[PDB]
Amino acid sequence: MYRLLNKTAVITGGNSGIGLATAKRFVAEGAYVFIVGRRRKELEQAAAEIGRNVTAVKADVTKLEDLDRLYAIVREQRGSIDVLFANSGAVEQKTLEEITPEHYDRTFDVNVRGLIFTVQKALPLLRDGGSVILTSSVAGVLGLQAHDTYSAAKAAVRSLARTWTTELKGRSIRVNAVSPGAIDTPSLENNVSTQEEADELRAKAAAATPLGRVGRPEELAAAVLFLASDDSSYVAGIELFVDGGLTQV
């Protein structure tokens, strides 16, 4: 309670899964939240669900003009940003031999390019002492079959947390990466060819993890809140794994 009181947050990827659970938690802690995403359907569905202190903004983070519009709205509506959660992301599986230019470009566009311009165009509004959270992944430190581009892109994300720590330290802005393991959301199964493989995919993910289950979206939200909040005021440039121990043992 009150841990983000009166703070303005911007969450990309905000209309589902992790970004929605994060928006919900941020609002519970007193924040005003912008949720950003491409589908106006979900975005208003979501803003209703969250219920208070949330504005939806339609934008494709891969498009520079869409980002200019987002931040024009943030500037008009709230004046500044305290917390940026740059959370837009997407996974498509292809093995090395399967990779096509289009598959590479889609992967890097949403996971890296758009993330870079998301943060760049936030900087004029971000308050000194603000907090930026990037969504990397466990994939960024693993060797997962057919995750070639996605894992590489998520390793690039984690790298940007280090560089931006150095670049933004003079403004006391903290930049940290969160690296989720298996989280129960559409990202896990916007992949599987049926609904047969959806339950047995999660059983594998559970079996691979020390805690022995997939995480809830709310648990990832809570770790993001840690990095957003003043409780992490001496935490900078880190990679916070939230993966039930998957990468740690």
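The numbering used is simple: start at 1 and walk along the sequence shown.
Problem - Stretch with the higher entry mean CA B-factor, where the candidates are 87-95 and 121-129 - result: Mean CA B-factor is higher for 87-95.
Practice task
Look over 71-79 and 135-143 in the entry and identify the one with the greater average Cα temperature factor.
Solution key: Higher mean C-alpha B-factor in the PDB entry: 71-79.
Problem - Among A48, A28, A223, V33 - the residue whose C-alpha B-factor is largest in the record - result: Of the options given, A48 has the highest CA B-factor in the PDB entry.
Problem - Where the record places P180 (Cα B-factor, split into thirds across the chain) - result: Lowest third of the chain for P180's C-alpha B-factor.
Practice task
For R113, return the chain-relative third of its C-alpha B-factor as stated in the PDB record: lowest, middle or highest.
Solution key: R113: CA B-factor falls in the highest third of its chain.
Exercise for the section: Relative to the other modelled residues of the same chain, rank the CA B-factor of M1 and answer lowest, middle or highest third. Expected result: Highest third of the chain for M1's C-alpha B-factor.
Exercise for the section: Can you work out whether the C-alpha temperature factor of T12 puts it in the lowest, middle or highest third of the chain? Expected result: It falls in the bottom third of the chain.
Problem - Cα B factor band for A21 (lowest, middle or highest third within the chain) - result: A21: CA B-factor falls in the middle third of its chain.
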